[PDB]
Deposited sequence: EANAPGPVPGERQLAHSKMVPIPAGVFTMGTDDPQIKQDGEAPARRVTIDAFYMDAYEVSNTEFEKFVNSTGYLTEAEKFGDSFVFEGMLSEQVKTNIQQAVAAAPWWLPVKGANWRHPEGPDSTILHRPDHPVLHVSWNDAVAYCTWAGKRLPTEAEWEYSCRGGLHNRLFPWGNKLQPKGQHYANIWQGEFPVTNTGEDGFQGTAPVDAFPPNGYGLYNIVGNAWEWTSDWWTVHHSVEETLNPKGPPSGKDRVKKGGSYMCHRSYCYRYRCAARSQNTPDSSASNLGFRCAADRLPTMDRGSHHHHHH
């Protein structure tokens, strides 16, 4: 395993957002041309084992641990999000769950601040939204998914999302009901795994839904806000109620928030 390996994301110009938004309220539109300097992205979501190295080194106590609760999906114990006492990264469904059998799955119940701590510890940083989206698209222009426009290309599952009737029944057709190992499923064109689905991913940007069509260089998002941007969707997402496993999709949370479907990966200007 090299679950902290990074890949070089090439310098380029891309179309961020879309002129055919699927969730208009989220400011997926307008499409705009964005220039991104060459940089490095983690191939994988940060795993339990990798976060454990951080905690072992630093003694870091996550915000969920200090608060004493975190959000868990009802189906693995909105109305289906319950604040569970004692749910945190070591106990993803609450006090009597464990990570011992899933060391290579993405770390969960990490806040934005927790993610910034990790990435900086590791000689890295969070990606910007624009860097994240560019990387997600994996060298393809104006496609829905990292791999193209078909959800199951060649009849194959390419990401860990939901199959079945949400929230009652997750069939586990794609091989995983909950999270999957961070190295599951095919890589995209840049060598990134689970950039859509599995765990949601924090980015560095403050959230806004108001974007200009002006061309920008290495944009950082708005200078202020109350919520940070997360991307990519999760194992919970289904077309029937969600549809956020598209590179253009975007959602938000307050920086002290944590949940059983939200993780992160890091980026860096140069190799640490």
item	value
Sequence ranges without modelled C-alpha atoms (deposited numbering)	1 to 13, 91 to 104, 300 to 311
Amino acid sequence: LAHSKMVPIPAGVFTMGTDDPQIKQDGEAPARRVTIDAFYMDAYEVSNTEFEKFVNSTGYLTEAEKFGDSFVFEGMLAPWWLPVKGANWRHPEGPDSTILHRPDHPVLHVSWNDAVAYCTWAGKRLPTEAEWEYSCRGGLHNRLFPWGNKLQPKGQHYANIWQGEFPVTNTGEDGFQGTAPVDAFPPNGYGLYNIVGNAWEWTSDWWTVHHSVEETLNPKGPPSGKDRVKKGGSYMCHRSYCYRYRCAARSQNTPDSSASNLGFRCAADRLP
From here on, numbers count along this sequence of modelled residues.
| item | value |
| --- | --- |
| Greater mean Cα temperature factor according to the PDB record, 20 to 28 or 248 to 256 | 20 to 28 |
| Of 105 to 113 and 149 to 157, the stretch whose C-alpha atoms average the higher B-factor in the entry | 149 to 157 |
| Which of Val46, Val55, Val209, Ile36 ranks first by CA B-factor in the deposited coordinates | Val209 |
| Residue, from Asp174, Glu129, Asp96, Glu201, that the PDB entry assigns the highest Cα B-factor | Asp96 |
| Ranked C-alpha temperature factor of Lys85 among modelled chain residues, by third | highest |
| Modelled-residue ranking by C-alpha temperature factor, third containing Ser70 | middle |
| Modelled-residue ranking by C-alpha temperature factor, third containing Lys220 | highest |
| For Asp42, the third of its chain into which the C-alpha B factor falls | lowest |
| Lowest, middle or highest third - CA B-factor, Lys230 | lowest |
